[PDB]
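Step one of this worksheet: look at the structure below.
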Amino acid sequence: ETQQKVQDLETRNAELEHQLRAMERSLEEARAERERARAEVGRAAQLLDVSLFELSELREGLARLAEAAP
Amino acid sequence: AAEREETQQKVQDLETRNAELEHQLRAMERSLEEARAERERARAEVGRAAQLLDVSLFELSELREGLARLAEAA
Amino acid sequence: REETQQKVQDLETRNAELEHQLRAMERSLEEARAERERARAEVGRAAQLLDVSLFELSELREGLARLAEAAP
Amino acid sequence: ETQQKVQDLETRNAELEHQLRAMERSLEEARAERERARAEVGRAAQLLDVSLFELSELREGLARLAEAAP
């Protein structure tokens, strides 16, 4: 019955090891979701980047028009 | 009299084809004036809209950049 | 008696001038209207393009909105 | 044999405990981070909502003086 103490700790362990394997899966999921979201964000930035440049050429267009003479 | 008659005519004629040619200009000119007028407006209007757009786009790049920082953040 | 045969060959001159000035002016006004029509069309093309670009930005917007709400 | 299998687990366990309160913590960090990132994202959407509407008016403005034939 301190071959019992032993028994008890062989079980604390297994459950500490069962729990930790629960947290690893949970962490791994968070990192995954994070990557996938950050990338969706970078995709918006890239899109925006391109489409803002075109919006500028358009602005420059209008300005040339406004300041032409006679 | 005999025909000096018929060129004091040829003046008063030319006098009214003139008078006329004048009344037509003072109408062309007024029409030019409303072209120039209208143009000047319309162009100012466009320029104002461009200038507005610029402010609105520079604001949009601060934003691309922010989103960019967010995506890249480690 | 020739005394105003000057005022004829005279008006022969300030008329052919006014004719020239008028068909000029009339030519100015024509290319005024042409410029106008071209400039407006350029403005309409810009507007059209803008709108297509705005419609695109709204989908982008809804996207980001969706990502914000997205609760996992 | 025994006094020693217990000596082993007193640490091996007491170690696994810290290495769990660790994850638990690094996962609370992960979550606090997701909510802060999605909020920034939502703020972008919102800025963007308001600034698009103004862009449309600019637009309609432009359309108006293209059709302004009279």
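Identifiers for the structure tokens are assigned positionally: chains receive A, B, ... in sequence, residues are indexed from 1 per chain, and ligands are indexed from 1 in the order shown.
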* To do: Please provide as a list in words all residues within 12 Å of residue 67 of chain A, with the sequence filter that same-chain residues fewer than 3 positions apart are discarded (counting only C-alpha atoms).
  => residues 60, 61, 62, 63, 64 and 70 of chain A; 39, 40, 41, 42, 43, 44, 45, 46, 47, 48, 50 and 51 of chain B; 39 of chain C
For the residues in the current selection, export N, CA, C and O atoms as a PDB file, in the first residue's frame.
```
ATOM      1  N   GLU A  60      -5.700  60.264 -61.101  1.00  0.00           N
ATOM      2  CA  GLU A  60      -4.811  61.056 -61.868  1.00  0.00           C
ATOM      3  C   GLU A  60      -5.451  61.463 -63.171  1.00  0.00           C
ATOM      4  O   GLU A  60      -5.241  62.581 -63.644  1.00  0.00           O
ATOM      5  N   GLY A  61      -6.254  60.556 -63.741  1.00  0.00           N
ATOM      6  CA  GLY A  61      -7.078  60.819 -64.949  1.00  0.00           C
ATOM      7  C   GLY A  61      -7.937  62.065 -64.791  1.00  0.00           C
ATOM      8  O   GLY A  61      -7.729  63.057 -65.465  1.00  0.00           O
ATOM      9  N   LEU A  62      -8.868  62.011 -63.850  1.00  0.00           N
ATOM     10  CA  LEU A  62      -9.724  63.113 -63.488  1.00  0.00           C
ATOM     11  C   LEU A  62      -8.999  64.459 -63.267  1.00  0.00           C
ATOM     12  O   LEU A  62      -9.450  65.500 -63.790  1.00  0.00           O
ATOM     13  N   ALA A  63      -7.910  64.445 -62.481  1.00  0.00           N
ATOM     14  CA  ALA A  63      -7.095  65.624 -62.237  1.00  0.00           C
ATOM     15  C   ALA A  63      -6.530  66.159 -63.576  1.00  0.00           C
ATOM     16  O   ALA A  63      -6.556  67.359 -63.796  1.00  0.00           O
ATOM     17  N   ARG A  64      -6.046  65.295 -64.485  1.00  0.00           N
ATOM     18  CA  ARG A  64      -5.533  65.803 -65.748  1.00  0.00           C
ATOM     19  C   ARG A  64      -6.675  66.518 -66.437  1.00  0.00           C
ATOM     20  O   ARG A  64      -6.520  67.644 -66.881  1.00  0.00           O
ATOM     21  N   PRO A  70      -7.272  75.465 -73.180  1.00  0.00           N
ATOM     22  CA  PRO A  70      -7.996  76.774 -73.120  1.00  0.00           C
ATOM     23  C   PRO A  70      -8.569  77.277 -71.778  1.00  0.00           C
ATOM     24  O   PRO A  70      -9.339  76.585 -71.127  1.00  0.00           O
TER      25      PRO A  70
ATOM     26  N   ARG B  39     -17.619  75.373 -68.883  1.00  0.00           N
ATOM     27  CA  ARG B  39     -16.418  74.559 -68.832  1.00  0.00           C
ATOM     28  C   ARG B  39     -15.683  74.713 -67.494  1.00  0.00           C
ATOM     29  O   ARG B  39     -15.599  73.770 -66.697  1.00  0.00           O
ATOM     30  N   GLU B  40     -15.148  75.902 -67.271  1.00  0.00           N
ATOM     31  CA  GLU B  40     -14.671  76.347 -65.973  1.00  0.00           C
ATOM     32  C   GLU B  40     -15.413  75.749 -64.742  1.00  0.00           C
ATOM     33  O   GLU B  40     -14.763  75.269 -63.839  1.00  0.00           O
ATOM     34  N   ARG B  41     -16.741  75.765 -64.704  1.00  0.00           N
ATOM     35  CA  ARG B  41     -17.483  75.077 -63.641  1.00  0.00           C
ATOM     36  C   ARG B  41     -17.180  73.586 -63.619  1.00  0.00           C
ATOM     37  O   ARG B  41     -16.465  73.101 -62.752  1.00  0.00           O
ATOM     38  N   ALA B  42     -17.745  72.864 -64.587  1.00  0.00           N
ATOM     39  CA  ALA B  42     -17.470  71.443 -64.828  1.00  0.00           C
ATOM     40  C   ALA B  42     -16.019  71.013 -64.546  1.00  0.00           C
ATOM     41  O   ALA B  42     -15.802  69.977 -63.981  1.00  0.00           O
ATOM     42  N   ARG B  43     -15.026  71.789 -64.921  1.00  0.00           N
ATOM     43  CA  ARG B  43     -13.684  71.361 -64.609  1.00  0.00           C
ATOM     44  C   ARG B  43     -13.344  71.442 -63.120  1.00  0.00           C
ATOM     45  O   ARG B  43     -12.878  70.460 -62.549  1.00  0.00           O
ATOM     46  N   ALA B  44     -13.582  72.601 -62.505  1.00  0.00           N
ATOM     47  CA  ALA B  44     -13.567  72.781 -61.051  1.00  0.00           C
ATOM     48  C   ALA B  44     -14.349  71.662 -60.346  1.00  0.00           C
ATOM     49  O   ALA B  44     -13.846  71.031 -59.418  1.00  0.00           O
ATOM     50  N   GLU B  45     -15.566  71.377 -60.790  1.00  0.00           N
ATOM     51  CA  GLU B  45     -16.287  70.275 -60.187  1.00  0.00           C
ATOM     52  C   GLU B  45     -15.493  68.961 -60.258  1.00  0.00           C
ATOM     53  O   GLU B  45     -15.368  68.277 -59.249  1.00  0.00           O
ATOM     54  N   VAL B  46     -14.931  68.628 -61.423  1.00  0.00           N
ATOM     55  CA  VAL B  46     -14.167  67.412 -61.572  1.00  0.00           C
ATOM     56  C   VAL B  46     -12.984  67.416 -60.617  1.00  0.00           C
ATOM     57  O   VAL B  46     -12.823  66.435 -59.877  1.00  0.00           O
ATOM     58  N   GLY B  47     -12.190  68.503 -60.636  1.00  0.00           N
ATOM     59  CA  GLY B  47     -11.012  68.687 -59.780  1.00  0.00           C
ATOM     60  C   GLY B  47     -11.332  68.538 -58.300  1.00  0.00           C
ATOM     61  O   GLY B  47     -10.610  67.916 -57.540  1.00  0.00           O
ATOM     62  N   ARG B  48     -12.449  69.092 -57.880  1.00  0.00           N
ATOM     63  CA  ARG B  48     -12.847  68.925 -56.519  1.00  0.00           C
ATOM     64  C   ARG B  48     -13.029  67.449 -56.270  1.00  0.00           C
ATOM     65  O   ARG B  48     -12.446  66.944 -55.342  1.00  0.00           O
ATOM     66  N   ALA B  50     -11.748  64.884 -57.765  1.00  0.00           N
ATOM     67  CA  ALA B  50     -10.476  64.162 -57.803  1.00  0.00           C
ATOM     68  C   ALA B  50      -9.802  64.271 -56.440  1.00  0.00           C
ATOM     69  O   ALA B  50      -9.406  63.261 -55.815  1.00  0.00           O
ATOM     70  N   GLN B  51      -9.721  65.519 -55.981  1.00  0.00           N
ATOM     71  CA  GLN B  51      -9.099  65.874 -54.726  1.00  0.00           C
ATOM     72  C   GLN B  51      -9.779  65.146 -53.590  1.00  0.00           C
ATOM     73  O   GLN B  51      -9.088  64.556 -52.720  1.00  0.00           O
TER      74      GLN B  51
ATOM     75  N   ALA C  39     -14.990  65.316 -73.097  1.00  0.00           N
ATOM     76  CA  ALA C  39     -14.799  65.435 -71.654  1.00  0.00           C
ATOM     77  C   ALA C  39     -15.916  64.782 -70.838  1.00  0.00           C
ATOM     78  O   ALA C  39     -15.639  63.996 -69.946  1.00  0.00           O
TER      79      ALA C  39
END
```
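Residue neighbourhood of residue 4 of chain C, excluding near-sequence residues (fewer than 6 positions): residues 4, 7, 8, 9, 10, 11 and 12 of chain B; 10 and 11 of chain C, at 12 Å, using only C-alpha atoms.
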* Contacts of residue 64 of chain C at 10 Å or less, counting only C-alpha atoms, minus same-chain residues fewer than 5 places along, as a list in words? -> residues 40, 41 and 44 of chain A; 58, 59, 69 and 70 of chain C; 38, 41, 42, 43, 44, 45, 46 and 48 of chain D
Would you mind aligning chain D to chain A, a least-squares fit over all C-alpha atoms taken in order, and returning the superposed chain as a JSON list (two decimals) with N, CA, C and O atoms, in the first residue's frame?
```json
[["chain", "number", "residue", "atom", "x", "y", "z"],
["D", 1, "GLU", "N", -0.10, 2.61, 2.17],
["D", 1, "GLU", "CA", 1.35, 2.95, 2.14],
["D", 1, "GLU", "C", 1.94, 2.78, 0.74],
["D", 1, "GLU", "O", 2.24, 3.78, 0.08],
["D", 2, "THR", "N", 2.11, 1.53, 0.27],
["D", 2, "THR", "CA", 2.78, 1.32, -1.04],
["D", 2, "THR", "C", 1.93, 0.82, -2.24],
["D", 2, "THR", "O", 1.72, 1.59, -3.18],
["D", 3, "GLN", "N", 1.47, -0.43, -2.21],
["D", 3, "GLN", "CA", 0.54, -0.96, -3.23],
["D", 3, "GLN", "C", -0.44, 0.13, -3.71],
["D", 3, "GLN", "O", -1.03, 0.01, -4.79],
["D", 4, "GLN", "N", -0.57, 1.20, -2.89],
["D", 4, "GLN", "CA", -1.55, 2.30, -3.04],
["D", 4, "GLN", "C", -0.98, 3.64, -3.60],
["D", 4, "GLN", "O", -1.66, 4.30, -4.41],
["D", 5, "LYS", "N", 0.24, 4.05, -3.19],
["D", 5, "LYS", "CA", 0.96, 5.18, -3.86],
["D", 5, "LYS", "C", 1.12, 4.91, -5.38],
["D", 5, "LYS", "O", 1.02, 5.83, -6.19],
["D", 6, "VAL", "N", 1.37, 3.64, -5.74],
["D", 6, "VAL", "CA", 1.34, 3.15, -7.13],
["D", 6, "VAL", "C", -0.07, 3.17, -7.75],
["D", 6, "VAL", "O", -0.22, 3.53, -8.92],
["D", 7, "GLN", "N", -1.11, 2.77, -6.98],
["D", 7, "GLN", "CA", -2.49, 2.81, -7.49],
["D", 7, "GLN", "C", -2.83, 4.25, -7.87],
["D", 7, "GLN", "O", -3.36, 4.50, -8.94],
["D", 8, "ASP", "N", -2.47, 5.18, -6.98],
["D", 8, "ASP", "CA", -2.58, 6.62, -7.20],
["D", 8, "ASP", "C", -1.95, 7.05, -8.56],
["D", 8, "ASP", "O", -2.66, 7.56, -9.45],
["D", 9, "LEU", "N", -0.65, 6.82, -8.73],
["D", 9, "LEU", "CA", 0.06, 7.32, -9.90],
["D", 9, "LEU", "C", -0.36, 6.67, -11.22],
["D", 9, "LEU", "O", -0.43, 7.34, -12.22],
["D", 10, "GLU", "N", -0.67, 5.38, -11.23],
["D", 10, "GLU", "CA", -1.20, 4.76, -12.45],
["D", 10, "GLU", "C", -2.26, 5.64, -13.15],
["D", 10, "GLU", "O", -2.31, 5.67, -14.38],
["D", 11, "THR", "N", -3.10, 6.32, -12.36],
["D", 11, "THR", "CA", -4.11, 7.25, -12.91],
["D", 11, "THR", "C", -3.58, 8.67, -12.97],
["D", 11, "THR", "O", -3.57, 9.25, -14.05],
["D", 12, "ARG", "N", -3.17, 9.23, -11.83],
["D", 12, "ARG", "CA", -2.76, 10.62, -11.81],
["D", 12, "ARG", "C", -1.86, 10.96, -13.01],
["D", 12, "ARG", "O", -2.11, 11.95, -13.69],
["D", 13, "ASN", "N", -0.85, 10.11, -13.28],
["D", 13, "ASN", "CA", -0.02, 10.11, -14.51],
["D", 13, "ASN", "C", -0.81, 9.87, -15.80],
["D", 13, "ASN", "O", -0.92, 10.75, -16.63],
["D", 14, "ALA", "N", -1.34, 8.66, -15.97],
["D", 14, "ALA", "CA", -2.15, 8.31, -17.13],
["D", 14, "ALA", "C", -3.19, 9.37, -17.48],
["D", 14, "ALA", "O", -3.74, 9.35, -18.58],
["D", 15, "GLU", "N", -3.45, 10.28, -16.54],
["D", 15, "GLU", "CA", -4.39, 11.42, -16.69],
["D", 15, "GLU", "C", -3.67, 12.64, -17.30],
["D", 15, "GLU", "O", -3.98, 13.04, -18.43],
["D", 16, "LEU", "N", -2.70, 13.19, -16.57],
["D", 16, "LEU", "CA", -1.70, 14.14, -17.09],
["D", 16, "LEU", "C", -1.16, 13.86, -18.52],
["D", 16, "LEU", "O", -0.77, 14.78, -19.21],
["D", 17, "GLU", "N", -1.18, 12.60, -18.97],
["D", 17, "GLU", "CA", -0.75, 12.27, -20.34],
["D", 17, "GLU", "C", -1.74, 12.75, -21.40],
["D", 17, "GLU", "O", -1.33, 13.29, -22.43],
["D", 18, "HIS", "N", -3.03, 12.49, -21.13],
["D", 18, "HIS", "CA", -4.18, 12.87, -21.96],
["D", 18, "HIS", "C", -4.32, 14.39, -21.98],
["D", 18, "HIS", "O", -4.57, 14.96, -23.02],
["D", 19, "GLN", "N", -4.10, 15.01, -20.83],
["D", 19, "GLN", "CA", -4.16, 16.45, -20.63],
["D", 19, "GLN", "C", -2.94, 17.23, -21.23],
["D", 19, "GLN", "O", -2.64, 18.37, -20.87],
["D", 20, "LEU", "N", -2.24, 16.60, -22.16],
["D", 20, "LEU", "CA", -0.99, 17.13, -22.69],
["D", 20, "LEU", "C", -1.16, 16.85, -24.15],
["D", 20, "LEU", "O", -0.96, 17.71, -24.99],
["D", 21, "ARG", "N", -1.59, 15.65, -24.46],
["D", 21, "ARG", "CA", -1.91, 15.37, -25.82],
["D", 21, "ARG", "C", -3.09, 16.25, -26.24],
["D", 21, "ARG", "O", -3.17, 16.67, -27.40],
["D", 22, "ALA", "N", -3.96, 16.57, -25.28],
["D", 22, "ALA", "CA", -4.97, 17.64, -25.41],
["D", 22, "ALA", "C", -4.35, 18.97, -25.86],
["D", 22, "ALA", "O", -4.61, 19.42, -26.95],
["D", 23, "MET", "N", -3.51, 19.59, -25.03],
["D", 23, "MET", "CA", -2.91, 20.88, -25.38],
["D", 23, "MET", "C", -2.14, 20.83, -26.66],
["D", 23, "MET", "O", -2.32, 21.68, -27.53],
["D", 24, "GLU", "N", -1.26, 19.85, -26.77],
["D", 24, "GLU", "CA", -0.52, 19.65, -27.98],
["D", 24, "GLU", "C", -1.50, 19.80, -29.15],
["D", 24, "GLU", "O", -1.22, 20.50, -30.13],
["D", 25, "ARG", "N", -2.66, 19.17, -29.02],
["D", 25, "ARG", "CA", -3.67, 19.24, -30.06],
["D", 25, "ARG", "C", -4.29, 20.66, -30.18],
["D", 25, "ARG", "O", -4.45, 21.19, -31.29],
["D", 26, "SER", "N", -4.61, 21.28, -29.04],
["D", 26, "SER", "CA", -5.29, 22.55, -29.09],
["D", 26, "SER", "C", -4.35, 23.70, -29.51],
["D", 26, "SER", "O", -4.78, 24.82, -29.78],
["D", 27, "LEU", "N", -3.08, 23.38, -29.62],
["D", 27, "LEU", "CA", -2.06, 24.31, -29.96],
["D", 27, "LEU", "C", -1.75, 24.13, -31.42],
["D", 27, "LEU", "O", -1.39, 25.08, -32.10],
["D", 28, "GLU", "N", -1.88, 22.89, -31.91],
["D", 28, "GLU", "CA", -1.80, 22.62, -33.35],
["D", 28, "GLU", "C", -2.97, 23.34, -33.98],
["D", 28, "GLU", "O", -2.82, 23.98, -34.98],
["D", 29, "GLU", "N", -4.14, 23.27, -33.36],
["D", 29, "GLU", "CA", -5.33, 24.00, -33.78],
["D", 29, "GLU", "C", -5.11, 25.52, -33.81],
["D", 29, "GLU", "O", -5.42, 26.18, -34.80],
["D", 30, "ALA", "N", -4.57, 26.08, -32.73],
["D", 30, "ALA", "CA", -4.16, 27.45, -32.69],
["D", 30, "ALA", "C", -3.25, 27.83, -33.85],
["D", 30, "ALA", "O", -3.43, 28.86, -34.44],
["D", 31, "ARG", "N", -2.25, 27.02, -34.17],
["D", 31, "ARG", "CA", -1.34, 27.36, -35.26],
["D", 31, "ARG", "C", -1.96, 27.33, -36.61],
["D", 31, "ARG", "O", -1.60, 28.12, -37.45],
["D", 32, "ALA", "N", -2.84, 26.37, -36.84],
["D", 32, "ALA", "CA", -3.44, 26.11, -38.13],
["D", 32, "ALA", "C", -4.34, 27.27, -38.36],
["D", 32, "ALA", "O", -4.53, 27.72, -39.48],
["D", 33, "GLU", "N", -4.85, 27.79, -37.25],
["D", 33, "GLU", "CA", -5.68, 28.95, -37.28],
["D", 33, "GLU", "C", -4.97, 30.24, -37.60],
["D", 33, "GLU", "O", -5.45, 30.96, -38.44],
["D", 34, "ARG", "N", -3.84, 30.53, -36.96],
["D", 34, "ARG", "CA", -3.00, 31.66, -37.31],
["D", 34, "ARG", "C", -2.68, 31.63, -38.81],
["D", 34, "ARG", "O", -2.71, 32.68, -39.46],
["D", 35, "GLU", "N", -2.42, 30.47, -39.41],
["D", 35, "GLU", "CA", -1.89, 30.58, -40.77],
["D", 35, "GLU", "C", -2.97, 30.91, -41.77],
["D", 35, "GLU", "O", -2.78, 31.70, -42.69],
["D", 36, "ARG", "N", -4.14, 30.35, -41.49],
["D", 36, "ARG", "CA", -5.38, 30.63, -42.17],
["D", 36, "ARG", "C", -5.83, 32.08, -41.95],
["D", 36, "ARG", "O", -6.15, 32.75, -42.91],
["D", 37, "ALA", "N", -5.83, 32.61, -40.72],
["D", 37, "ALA", "CA", -6.09, 34.06, -40.53],
["D", 37, "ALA", "C", -5.07, 35.02, -41.22],
["D", 37, "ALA", "O", -5.45, 36.06, -41.75],
["D", 38, "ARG", "N", -3.78, 34.70, -41.23],
["D", 38, "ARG", "CA", -2.84, 35.60, -41.85],
["D", 38, "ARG", "C", -2.97, 35.56, -43.35],
["D", 38, "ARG", "O", -2.70, 36.55, -44.06],
["D", 39, "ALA", "N", -3.42, 34.41, -43.86],
["D", 39, "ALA", "CA", -3.61, 34.27, -45.28],
["D", 39, "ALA", "C", -4.83, 35.16, -45.73],
["D", 39, "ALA", "O", -4.74, 35.90, -46.72],
["D", 40, "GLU", "N", -5.92, 35.17, -44.94],
["D", 40, "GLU", "CA", -7.03, 35.94, -45.28],
["D", 40, "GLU", "C", -6.57, 37.38, -45.27],
["D", 40, "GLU", "O", -6.89, 38.18, -46.18],
["D", 41, "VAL", "N", -5.81, 37.72, -44.24],
["D", 41, "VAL", "CA", -5.27, 39.07, -44.12],
["D", 41, "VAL", "C", -4.45, 39.42, -45.39],
["D", 41, "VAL", "O", -4.68, 40.53, -45.98],
["D", 42, "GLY", "N", -3.52, 38.50, -45.78],
["D", 42, "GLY", "CA", -2.71, 38.72, -46.96],
["D", 42, "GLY", "C", -3.56, 38.86, -48.25],
["D", 42, "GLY", "O", -3.22, 39.63, -49.16],
["D", 43, "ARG", "N", -4.67, 38.12, -48.33],
["D", 43, "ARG", "CA", -5.53, 38.21, -49.48],
["D", 43, "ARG", "C", -6.12, 39.58, -49.52],
["D", 43, "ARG", "O", -6.16, 40.18, -50.57],
["D", 44, "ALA", "N", -6.58, 40.09, -48.37],
["D", 44, "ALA", "CA", -7.08, 41.51, -48.28],
["D", 44, "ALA", "C", -6.02, 42.49, -48.78],
["D", 44, "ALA", "O", -6.29, 43.34, -49.60],
["D", 45, "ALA", "N", -4.79, 42.31, -48.36],
["D", 45, "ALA", "CA", -3.76, 43.28, -48.71],
["D", 45, "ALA", "C", -3.65, 43.31, -50.21],
["D", 45, "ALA", "O", -3.68, 44.36, -50.87],
["D", 46, "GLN", "N", -3.59, 42.11, -50.78],
["D", 46, "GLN", "CA", -3.45, 41.95, -52.18],
["D", 46, "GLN", "C", -4.61, 42.46, -53.05],
["D", 46, "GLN", "O", -4.36, 43.23, -53.95],
["D", 47, "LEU", "N", -5.87, 42.07, -52.75],
["D", 47, "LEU", "CA", -7.02, 42.66, -53.38],
["D", 47, "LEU", "C", -6.78, 44.17, -53.42],
["D", 47, "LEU", "O", -6.77, 44.86, -54.48],
["D", 48, "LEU", "N", -6.49, 44.67, -52.22],
["D", 48, "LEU", "CA", -6.34, 46.08, -51.93],
["D", 48, "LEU", "C", -5.21, 46.74, -52.73],
["D", 48, "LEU", "O", -5.39, 47.82, -53.29],
["D", 49, "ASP", "N", -4.07, 46.07, -52.84],
["D", 49, "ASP", "CA", -3.01, 46.55, -53.71],
["D", 49, "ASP", "C", -3.45, 46.89, -55.14],
["D", 49, "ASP", "O", -3.28, 48.01, -55.58],
["D", 50, "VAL", "N", -4.01, 45.90, -55.83],
["D", 50, "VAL", "CA", -4.63, 46.01, -57.17],
["D", 50, "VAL", "C", -5.72, 47.01, -57.23],
["D", 50, "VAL", "O", -5.72, 47.81, -58.12],
["D", 51, "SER", "N", -6.67, 46.97, -56.31],
["D", 51, "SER", "CA", -7.73, 48.00, -56.39],
["D", 51, "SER", "C", -7.28, 49.46, -56.06],
["D", 51, "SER", "O", -7.79, 50.40, -56.59],
["D", 52, "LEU", "N", -6.22, 49.65, -55.30],
["D", 52, "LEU", "CA", -5.68, 51.00, -55.12],
["D", 52, "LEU", "C", -5.12, 51.64, -56.37],
["D", 52, "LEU", "O", -5.31, 52.84, -56.60],
["D", 53, "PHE", "N", -4.39, 50.86, -57.16],
["D", 53, "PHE", "CA", -3.77, 51.31, -58.42],
["D", 53, "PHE", "C", -4.88, 51.82, -59.35],
["D", 53, "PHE", "O", -4.74, 52.88, -59.96],
["D", 54, "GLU", "N", -5.98, 51.09, -59.44],
["D", 54, "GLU", "CA", -7.08, 51.54, -60.27],
["D", 54, "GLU", "C", -7.67, 52.79, -59.76],
["D", 54, "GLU", "O", -8.02, 53.64, -60.56],
["D", 55, "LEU", "N", -7.77, 52.91, -58.44],
["D", 55, "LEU", "CA", -8.19, 54.17, -57.81],
["D", 55, "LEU", "C", -7.28, 55.36, -58.11],
["D", 55, "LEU", "O", -7.76, 56.42, -58.43],
["D", 56, "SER", "N", -5.98, 55.18, -58.11],
["D", 56, "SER", "CA", -5.07, 56.21, -58.59],
["D", 56, "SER", "C", -5.27, 56.69, -60.00],
["D", 56, "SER", "O", -5.16, 57.91, -60.27],
["D", 57, "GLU", "N", -5.57, 55.77, -60.91],
["D", 57, "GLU", "CA", -5.81, 56.18, -62.24],
["D", 57, "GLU", "C", -7.06, 56.97, -62.31],
["D", 57, "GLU", "O", -7.08, 58.00, -62.92],
["D", 58, "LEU", "N", -8.08, 56.55, -61.60],
["D", 58, "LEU", "CA", -9.30, 57.29, -61.60],
["D", 58, "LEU", "C", -8.94, 58.67, -61.23],
["D", 58, "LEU", "O", -9.38, 59.61, -61.88],
["D", 59, "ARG", "N", -8.11, 58.77, -60.19],
["D", 59, "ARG", "CA", -7.69, 60.03, -59.63],
["D", 59, "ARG", "C", -7.02, 60.95, -60.64],
["D", 59, "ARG", "O", -7.46, 62.09, -60.83],
["D", 60, "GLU", "N", -5.96, 60.43, -61.26],
["D", 60, "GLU", "CA", -5.21, 61.15, -62.26],
["D", 60, "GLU", "C", -6.08, 61.58, -63.39],
["D", 60, "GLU", "O", -5.88, 62.68, -63.94],
["D", 61, "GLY", "N", -7.04, 60.73, -63.75],
["D", 61, "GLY", "CA", -8.07, 61.08, -64.70],
["D", 61, "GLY", "C", -8.66, 62.40, -64.27],
["D", 61, "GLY", "O", -8.52, 63.39, -64.97],
["D", 62, "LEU", "N", -9.28, 62.41, -63.08],
["D", 62, "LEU", "CA", -9.91, 63.59, -62.54],
["D", 62, "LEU", "C", -8.99, 64.81, -62.56],
["D", 62, "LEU", "O", -9.38, 65.88, -62.99],
["D", 63, "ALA", "N", -7.75, 64.64, -62.12],
["D", 63, "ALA", "CA", -6.82, 65.72, -62.11],
["D", 63, "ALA", "C", -6.69, 66.22, -63.55],
["D", 63, "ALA", "O", -6.68, 67.42, -63.79],
["D", 64, "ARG", "N", -6.60, 65.30, -64.52],
["D", 64, "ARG", "CA", -6.41, 65.78, -65.88],
["D", 64, "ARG", "C", -7.53, 66.70, -66.26],
["D", 64, "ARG", "O", -7.24, 67.80, -66.59],
["D", 65, "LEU", "N", -8.81, 66.37, -66.13],
["D", 65, "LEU", "CA", -9.74, 67.38, -66.59],
["D", 65, "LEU", "C", -10.04, 68.49, -65.61],
["D", 65, "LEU", "O", -10.98, 69.22, -65.80],
["D", 66, "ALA", "N", -9.27, 68.63, -64.55],
["D", 66, "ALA", "CA", -9.40, 69.85, -63.78],
["D", 66, "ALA", "C", -8.42, 70.87, -64.38],
["D", 66, "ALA", "O", -8.75, 72.02, -64.57],
["D", 67, "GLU", "N", -7.21, 70.43, -64.70],
["D", 67, "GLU", "CA", -6.23, 71.27, -65.34],
["D", 67, "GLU", "C", -6.54, 71.53, -66.82],
["D", 67, "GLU", "O", -5.95, 72.44, -67.39],
["D", 68, "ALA", "N", -7.45, 70.78, -67.43],
["D", 68, "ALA", "CA", -7.74, 70.95, -68.86],
["D", 68, "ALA", "C", -8.23, 72.36, -69.29],
["D", 68, "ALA", "O", -9.10, 72.47, -70.16],
["D", 69, "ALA", "N", -7.65, 73.43, -68.71],
["D", 69, "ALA", "CA", -7.90, 74.84, -69.14],
["D", 69, "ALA", "C", -8.20, 75.04, -70.66],
["D", 69, "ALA", "O", -9.17, 75.76, -71.00],
["D", 70, "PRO", "N", -7.39, 74.40, -71.58],
["D", 70, "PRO", "CA", -7.75, 74.47, -73.03],
["D", 70, "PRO", "C", -8.90, 73.52, -73.40],
["D", 70, "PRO", "O", -10.06, 73.89, -73.27]]
```
* To do: Just need the residues of chain B within 10 Å of chain D, counting only C-alpha atoms, so spit them out as a ChimeraX atom specification.
  => /B:42,45-46,49-50,52-53,56-57,59-60,63-64,66-67,70-71
* To do: May I ask which of the residues C:34, C:16, C:41, C:49 is the closest one to chain D, counting only C-alpha atoms?
  =>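 Once distances to chain D are computed over only C-alpha atoms, the minimum belongs to C:41.
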